[PDB]
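A.B. asks: my_file.pdb is reproduced below (PDB, C-alpha atoms (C1' of nucleotides)).
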ATOM      1  CA  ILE P 247     -48.047 -30.111 -45.064
ATOM      2  CA  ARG P 248     -48.285 -27.859 -42.013
ATOM      3  CA  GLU P 249     -46.982 -30.425 -39.518
ATOM      4  CA  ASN P 250     -43.762 -31.304 -41.382
ATOM      5  CA  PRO P 251     -42.691 -28.977 -44.204
ATOM      6  CA  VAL P 252     -38.997 -29.838 -44.232
ATOM      7  CA  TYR P 253     -37.409 -31.296 -47.347
ATOM      8  CA  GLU P 254     -35.249 -34.405 -47.066
ATOM      9  CA  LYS P 255     -33.720 -34.503 -50.559
ATOM     10  CA  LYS P 256     -33.031 -38.035 -51.789
ATOM     11  CA  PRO P 257     -29.343 -39.062 -51.627
ATOM     12  CA  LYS P 258     -27.648 -39.533 -54.977
ATOM     13  CA  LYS P 259     -24.449 -41.330 -55.856
ATOM     14  CA  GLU P 260     -24.458 -44.189 -58.352
ATOM     15  CA  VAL P 261     -23.596 -42.927 -61.799
ATOM     16  CA  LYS P 262     -21.021 -44.740 -63.987
ATOM     17  CA  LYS P 263     -20.560 -41.486 -65.974
ATOM     18  CA  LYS P 264     -20.756 -42.376 -69.637
ATOM     19  CA  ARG P 265     -21.008 -39.620 -72.246
ATOM     20  CA  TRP P 266     -23.961 -39.944 -74.641
ATOM     21  CA  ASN P 267     -23.716 -36.346 -75.645
ATOM     22  CA  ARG P 268     -21.602 -35.851 -78.789
ATOM     23  CA  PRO P 269     -18.206 -34.172 -78.316
ATOM     24  CA  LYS P 270     -16.856 -31.205 -80.220
ATOM     25  CA  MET P 271     -14.740 -32.189 -83.200
ATOM     26  CA  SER P 272     -11.132 -31.032 -82.930
ATOM     27  CA  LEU P 273      -9.333 -28.686 -85.327
ATOM     28  CA  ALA P 274      -7.437 -31.210 -87.420
ATOM     29  CA  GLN P 275     -10.499 -33.455 -87.716
ATOM     30  CA  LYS P 276     -12.300 -30.643 -89.481
ATOM     31  CA  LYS P 277      -9.025 -29.739 -91.195
ATOM     32  CA  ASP P 278      -8.862 -33.068 -93.025
ATOM     33  CA  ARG P 279     -12.575 -33.606 -93.707
ATOM     34  CA  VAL P 280     -11.711 -31.008 -96.312
ATOM     35  CA  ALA P 281      -8.808 -32.746 -98.093
ATOM     36  CA  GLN P 282     -10.817 -35.882 -97.341
ATOM     37  CA  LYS P 283     -13.402 -34.455 -99.570
ATOM     38  CA  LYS P 284     -11.740 -32.793-102.553
ATOM     39  CA  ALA P 285      -9.838 -36.020-102.865
ATOM     40  CA  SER P 286     -13.132 -37.900-103.134
ATOM     41  CA  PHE P 287     -14.338 -35.233-105.552
ATOM     42  CA  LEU P 288     -11.178 -35.028-107.651
ATOM     43  CA  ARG P 289     -10.557 -38.779-107.915
ATOM     44  CA  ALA P 290     -14.235 -39.403-108.734
ATOM     45  CA  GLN P 291     -14.687 -36.941-111.572
ATOM     46  CA  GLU P 292     -11.258 -37.556-113.082
ATOM     47  CA  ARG P 293     -12.813 -40.699-114.566
ATOM     48  CA  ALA P 294     -16.087 -39.663-116.217
TER      49      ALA P 294
ATOM     50  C1'   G J   1      78.764  26.271 -36.377
ATOM     51  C1'   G J   2      75.011  25.664 -41.099
ATOM     52  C1'   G J   3      73.170  22.704 -44.660
ATOM     53  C1'   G J   4      72.467  17.922 -46.415
ATOM     54  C1'   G J   5      72.161  12.913 -45.118
ATOM     55  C1'   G J   6      72.312   7.911 -43.074
ATOM     56  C1'   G J   7      70.218   6.077 -39.192
ATOM     57  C1'   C J   8      68.913   3.818 -34.339
ATOM     58  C1'   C J   9      61.682  -1.187 -33.614
ATOM     59  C1'   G J  10      59.604  -4.472 -32.817
ATOM     60  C1'   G J  11      55.042  -5.684 -34.876
ATOM     61  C1'   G J  12      52.277  -7.069 -38.342
ATOM     62  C1'   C J  13      48.183  -5.103 -41.820
ATOM     63  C1'   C J  14      48.158  -4.719 -46.898
ATOM     64  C1'   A J  15      50.114  -7.621 -50.324
ATOM     65  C1'   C J  16      55.191  -8.790 -54.878
ATOM     66  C1'   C J  17      57.179 -14.430 -54.765
ATOM     67  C1'   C J  18      55.995 -19.898 -52.919
ATOM     68  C1'   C J  19      51.072 -22.730 -50.034
ATOM     69  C1'   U J  20      45.559 -23.463 -48.883
ATOM     70  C1'   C J  21      40.288 -22.207 -48.302
ATOM     71  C1'   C J  22      34.961 -19.267 -48.698
ATOM     72  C1'   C J  23      31.951 -16.529 -52.246
ATOM     73  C1'   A J  24      30.765 -13.575 -57.177
ATOM     74  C1'   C J  25      30.739 -13.553 -62.321
ATOM     75  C1'   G J  26      31.649 -16.226 -66.897
ATOM     76  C1'   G J  27      32.935 -20.418 -69.985
ATOM     77  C1'   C J  28      33.020 -25.447 -70.814
ATOM     78  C1'   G J  29      31.509 -30.306 -68.780
ATOM     79  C1'   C J  30      28.002 -33.214 -66.256
ATOM     80  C1'   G J  31      23.422 -33.994 -62.866
ATOM     81  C1'   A J  32      18.322 -32.950 -61.228
ATOM     82  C1'   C J  33      13.482 -30.375 -61.962
ATOM     83  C1'   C J  34       9.977 -27.597 -64.925
ATOM     84  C1'   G J  35       8.651 -26.898 -70.271
ATOM     85  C1'   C J  36       8.053 -27.100 -75.419
ATOM     86  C1'   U J  37       7.578 -30.314 -79.264
ATOM     87  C1'   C J  38       8.720 -35.199 -81.735
ATOM     88  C1'   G J  39       8.871 -41.285 -82.261
ATOM     89  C1'   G J  40       6.864 -46.758 -80.244
ATOM     90  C1'   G J  41       2.804 -49.265 -77.234
ATOM     91  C1'   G J  42      -1.998 -49.414 -74.310
ATOM     92  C1'   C J  43      -6.915 -47.402 -73.692
ATOM     93  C1'   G J  44     -10.770 -43.572 -75.029
ATOM     94  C1'   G J  45     -12.540 -42.050 -79.733
ATOM     95  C1'   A J  46     -12.731 -38.284 -84.419
ATOM     96  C1'   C J  47     -12.323 -38.350 -90.090
ATOM     97  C1'   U J  48     -12.215 -40.033 -94.697
ATOM     98  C1'   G J  49      -9.472 -42.841 -98.784
ATOM     99  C1'   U J  50     -10.041 -48.520 -98.323
ATOM    100  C1'   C J  51     -14.476 -54.150 -98.301
ATOM    101  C1'   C J  52     -11.312 -54.014 -94.131
ATOM    102  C1'   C J  53      -6.178 -54.360 -93.175
ATOM    103  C1'   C J  54      -3.780 -50.355 -94.113
ATOM    104  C1'   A J  55      -2.959 -45.303 -95.698
ATOM    105  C1'   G J  56      -3.407 -39.833 -94.835
ATOM    106  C1'   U J  57      -4.885 -36.623 -90.215
ATOM    107  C1'   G J  58      -4.961 -36.499 -85.486
ATOM    108  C1'   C J  59      -8.010 -35.348 -80.569
ATOM    109  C1'   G J  60      -8.847 -37.197 -74.627
ATOM    110  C1'   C J  61      -6.289 -40.082 -70.940
ATOM    111  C1'   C J  62      -2.694 -44.169 -69.374
ATOM    112  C1'   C J  63       2.406 -46.724 -70.365
ATOM    113  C1'   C J  64       7.239 -46.329 -72.638
ATOM    114  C1'   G J  65      11.106 -43.660 -76.090
ATOM    115  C1'   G J  66      13.510 -39.426 -78.514
ATOM    116  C1'   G J  67      14.916 -34.048 -80.148
ATOM    117  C1'   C J  68      15.413 -29.156 -78.832
ATOM    118  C1'   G J  69      15.022 -25.653 -75.379
ATOM    119  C1'   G J  70      14.413 -21.376 -71.563
ATOM    120  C1'   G J  71      14.349 -21.025 -66.380
ATOM    121  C1'   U J  72      15.483 -23.010 -61.398
ATOM    122  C1'   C J  73      18.414 -26.071 -58.309
ATOM    123  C1'   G J  74      22.764 -29.512 -57.581
ATOM    124  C1'   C J  75      27.830 -31.039 -58.799
ATOM    125  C1'   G J  76      32.893 -31.384 -61.913
ATOM    126  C1'   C J  77      36.798 -28.647 -64.329
ATOM    127  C1'   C J  78      39.248 -24.050 -66.645
ATOM    128  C1'   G J  79      39.314 -18.545 -66.594
ATOM    129  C1'   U J  80      39.088 -13.725 -63.589
ATOM    130  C1'   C J  81      45.671  -6.953 -61.183
TER     131        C J  81
END
Using structure tokens, write down the structure that the file contains.
C.D. replies:
Amino acid sequence: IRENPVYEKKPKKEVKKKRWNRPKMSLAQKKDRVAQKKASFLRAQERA
RNA sequence: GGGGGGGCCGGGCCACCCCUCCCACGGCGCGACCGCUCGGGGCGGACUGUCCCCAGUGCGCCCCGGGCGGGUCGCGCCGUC
């Protein structure tokens, strides 16, 4: 350690940059999920 | 004599009447740019109805189309003791 302390950080550039996080759902995609329910509820229970 | 008056000048500057330019402002007309927000396609991918297709919603980017619109810039015409 005491004859060469210097760091030589490994070079880094390969990544293809995919996104395997999960993105934030937009306004209108929440805005229809209700009215996408409540048409699955209404239609369903206006039979039986 | 007094009073009154006409004069005796060339020149233009301003500018009435006939010509022709440079700006400013407006109007109308067109052109370019920026913007908003509406349609078709391509890709990324959300949601549910639907077996899917499709339907309803609509997000990221790329390609095309349309409607309105403020501002900026460019041009065309009409108006302005």
A.B. asks: Please produce, as CSV, a per-residue contact table for chain J versus chain P (criterion: any atom at most 7 Å away, only C-alpha atoms (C1' of nucleotides) considered), showing the nearest atom pair and its distance in Å to one decimal, sorted by chain then residue number.
C.D. replies:
residue,atom,partner,partner_atom,distance
J:46,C1',P:275,CA,6.3
J:47,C1',P:275,CA,5.7
J:48,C1',P:282,CA,5.1
J:57,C1',P:278,CA,6.0
J:58,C1',P:274,CA,6.2
J:59,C1',P:272,CA,5.8
A.B. asks: State, in Å with one decimal place, the distance from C1' of residue 50 (chain J) to CA of residue 294 (chain P).
C.D. replies: 20.9 Å
A.B. asks: Show me, as a PDB file with C-alpha atoms (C1' of nucleotides), keeping the file's coordinate frame, the residues that have an atom within 12 Å of residue 73 (chain J) when counting all atoms listed in the file, minus same-chain residues fewer than 2 positions from it.
C.D. replies:
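Done, and the output landed in around-v6.pdb:
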ATOM      1  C1'   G J  31      23.422 -33.994 -62.866  1.00  0.00           C
ATOM      2  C1'   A J  32      18.322 -32.950 -61.228  1.00  0.00           C
ATOM      3  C1'   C J  33      13.482 -30.375 -61.962  1.00  0.00           C
ATOM      4  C1'   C J  34       9.977 -27.597 -64.925  1.00  0.00           C
ATOM      5  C1'   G J  71      14.349 -21.025 -66.380  1.00  0.00           C
ATOM      6  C1'   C J  75      27.830 -31.039 -58.799  1.00  0.00           C
TER       7        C J  75
END
